[PDB]
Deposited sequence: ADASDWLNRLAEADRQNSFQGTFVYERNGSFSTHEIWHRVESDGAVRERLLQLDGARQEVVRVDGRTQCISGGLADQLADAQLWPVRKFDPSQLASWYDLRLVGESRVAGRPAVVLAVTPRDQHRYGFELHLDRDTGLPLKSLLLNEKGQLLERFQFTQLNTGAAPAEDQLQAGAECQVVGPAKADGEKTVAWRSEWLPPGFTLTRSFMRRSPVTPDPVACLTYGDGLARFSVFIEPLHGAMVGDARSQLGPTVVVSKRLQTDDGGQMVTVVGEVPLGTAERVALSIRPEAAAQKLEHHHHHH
């Protein structure tokens, strides 16, 4: 597949190009602009800085995958333990779950691009329309589409200066950038989703431990939270923020019930099915 070739190209673009650019991220209820400085060092390590341009000065700096510093607003819900990068993007197996196809050509940020359709092979995940830079393979535009082909989010570069390496001054963060197994399993996952992390956190409101499980298929992710109910009769809940769905379902158990919450960039049905499928580990 030439589409496969493009994905492979996209996969390594990060280590083969140094660049600066500005992009927009838009979803229902949010419009924001950001700057990125990305330098490939002489040893091949990637140093990258991301800065929000409108409103508050949110920022992150990463050095060869590790977060060097991150603004408070981006990390209030992360323990330092959580600072691990679980993985490297691997597109090799993505073809199992998505159909990859070149569907045309486009012009984005003043640059010629090829348009790659990433279409789900099932109903359990969302598709993407990716516009890849011809010169470098970097993603100029990314549209997340629902089942009906409706737009859930837009990620798009407005300006991209490639080849050129950002100066050291530009890679430096502002002061706002702060220097930095569970007894539950799912008895159902959509094809290709696999457990990426497992840990315990404390409930935000009570002294109770809350089990956290994260799953991914290479492109999409969802997280599961299991919280004790202590016999409370709490019903279900649902929410959505742009591409991210939230579903909470009561699970009857022999230990007073549990509330199972699933959050992720997957269809509502998927989250719901997963929530209903969470079970405690047995003796």
property: Deposited residues without C-alpha coordinates, grouped into stretches that follow sequence order; result: 181-189, 293-303
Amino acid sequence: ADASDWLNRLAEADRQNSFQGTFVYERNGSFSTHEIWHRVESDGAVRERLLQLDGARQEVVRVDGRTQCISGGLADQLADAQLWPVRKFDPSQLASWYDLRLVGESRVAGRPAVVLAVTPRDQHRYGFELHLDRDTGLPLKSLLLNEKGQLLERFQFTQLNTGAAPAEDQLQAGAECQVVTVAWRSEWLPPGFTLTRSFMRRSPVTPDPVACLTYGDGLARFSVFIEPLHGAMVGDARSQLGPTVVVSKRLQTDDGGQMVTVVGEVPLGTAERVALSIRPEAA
From here on, numbers count along this sequence of modelled residues.
{"query": "Average Cα temperature factor in the PDB entry - higher stretch of 216-224, 229-237", "finding": "229-237"}
{"query": "Of 264-272 and 20-28, the one with larger mean CA B-factor", "finding": "264-272"}
{"query": "From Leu144, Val205, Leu189, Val210, residue of greatest CA B-factor", "finding": "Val205"}
{"query": "From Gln178, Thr119, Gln150, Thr194, residue of greatest CA B-factor", "finding": "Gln150"}
{"query": "For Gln156, the third of its chain into which the C-alpha B factor falls", "finding": "lowest"}
{"query": "Assigned third (lowest, middle, highest) for the C-alpha B factor of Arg49", "finding": "lowest"}
{"query": "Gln172 by Cα B-factor - lowest, middle or highest third of the modelled chain", "finding": "highest"}
{"query": "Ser71 - Cα temperature factor, lowest/middle/highest third of chain", "finding": "lowest"}
{"query": "Chain third (lowest, middle, highest) by recorded CA B-factor, residue given as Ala11", "finding": "middle"}
